[PDB]
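Let us start with two forms of the same protein chain, each given on its own as structure tokens and named structure 1 and structure 2.
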Structure 1
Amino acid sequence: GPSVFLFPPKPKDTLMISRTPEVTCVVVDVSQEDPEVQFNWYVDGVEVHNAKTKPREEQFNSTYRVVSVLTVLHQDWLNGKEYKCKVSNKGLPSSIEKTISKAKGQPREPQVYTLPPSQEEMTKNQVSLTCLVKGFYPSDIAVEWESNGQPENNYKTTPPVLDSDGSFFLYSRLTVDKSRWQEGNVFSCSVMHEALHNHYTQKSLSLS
């Protein structure tokens, strides 16, 4: 039969009040002849009705795909409430249910360190600025870079990695022209996480 997948919101969306965290329920392998797909949502057991459901969409393997999107309350997601998507077809009683929630467990605050380029990289045209982020729980987290009050784009961040003590760590690498680093520019690694004061902290880095 069909398959259902339930996806959490983005960490950044849950941590900033101004953004719109959403839980997404995706049904694949729907058949043309299947009666209209229906979605019931529950939040900690209670049915709710603000979900937006998109009309079904043909995939190339001759199946259909259906998505229902539930806007969630930041506080609720962070409080560890359980979102349940229940999926069925208009007429038949059979249904499929899926449940998701934030990771359970004592949250830990991330320590954020900045590392300048290795002296050995200094001979190249571009250098790597490193941001180590360690000791955090849960793994849901967001890392960004900026400079001169404007976002930097040329960075990549590793996935969270599980440490011995059950916390997570990761690295972020911002690549910049040597000429920009030694002119004395300040670069900032920004980290967003539920255990940080105001869900936010920032650590800066320039040539010493």
Structure 2
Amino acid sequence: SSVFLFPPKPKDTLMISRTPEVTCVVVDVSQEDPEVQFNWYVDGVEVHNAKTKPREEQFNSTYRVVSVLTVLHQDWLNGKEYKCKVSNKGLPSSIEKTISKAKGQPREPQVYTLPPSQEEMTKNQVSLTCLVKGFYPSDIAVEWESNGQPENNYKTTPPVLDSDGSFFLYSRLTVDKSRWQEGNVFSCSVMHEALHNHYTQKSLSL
């Protein structure tokens, strides 16, 4: 049996309208194993409002179990520690995993958009780049849109630790050259705790 503990999604912690939660996952549960149980703690204080799903077989003939705990936004953002403790009913062993927001003064992401290189302009598709740098902690969401509508054809690097202790990443949106040369307006939007309203967006066009 092996245990994984996952943080809330950056968008959830940052929107008053959304609900952040932490997720505790147990794999390699033998069909023989007694009921997998969860005890959840917030800064050492046990809480009882988690939601556990029955075990589910996997493509390797093992079972998997998932417990979800809703968190308060300010609790997560204030650096509270979430601990999941996993055991089997009537056995003594336990495994504990903990997760919390990185500690340290939050720092505002600097967001810059970059057009395609002239050398790439010879191709049928071109790259639109959004540099996001100087942010702390690394929890962040980056999306693209055009003329107000979500664009999907992008990939974003993981946050990378910079020499000054902040993070940066790049997001690359691929578009048809014709759409770029038509003058369409593309936008990068970034959500982060150290932004006003937790949100900023920057435009990019020819």
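Rigid core here is just the name for the largest C-alpha set that superposes within 1.5 Å across the two forms. Counting starts at 1 with the first residue of structure 1 and goes up one by one along its sequence.
Decide, with the chain treated as two rigid parts between the two structures, if residue 120 and residue 64 are on the same side of the split.
-> The answer is no; they move as separate rigid parts.
Practice task
Give me the angle, in whole degrees, that the smaller rigid part turns through against the larger one between the two structures.
Solution key: In whole degrees, the smaller rigid segment turns 12.
Give the rigid core superposed Cα shift of residue 21 between the two structures, in Å, rounded to one decimal. Its alpha carbon moves by 1.3 Å.
**Prompt:** In Å, how large is the C-alpha displacement of residue 38 between the two structures after the rigid core is aligned?
**Reply:** Its C-alpha shift, to one decimal, is 2.4 Å.
Quiz prompt | Angstrom shift of the Cα atom of residue 93 between the two structures (superposition on rigid core) | solution = Comparing the two forms, residue 93 shifts 5.2 Å at C-alpha.
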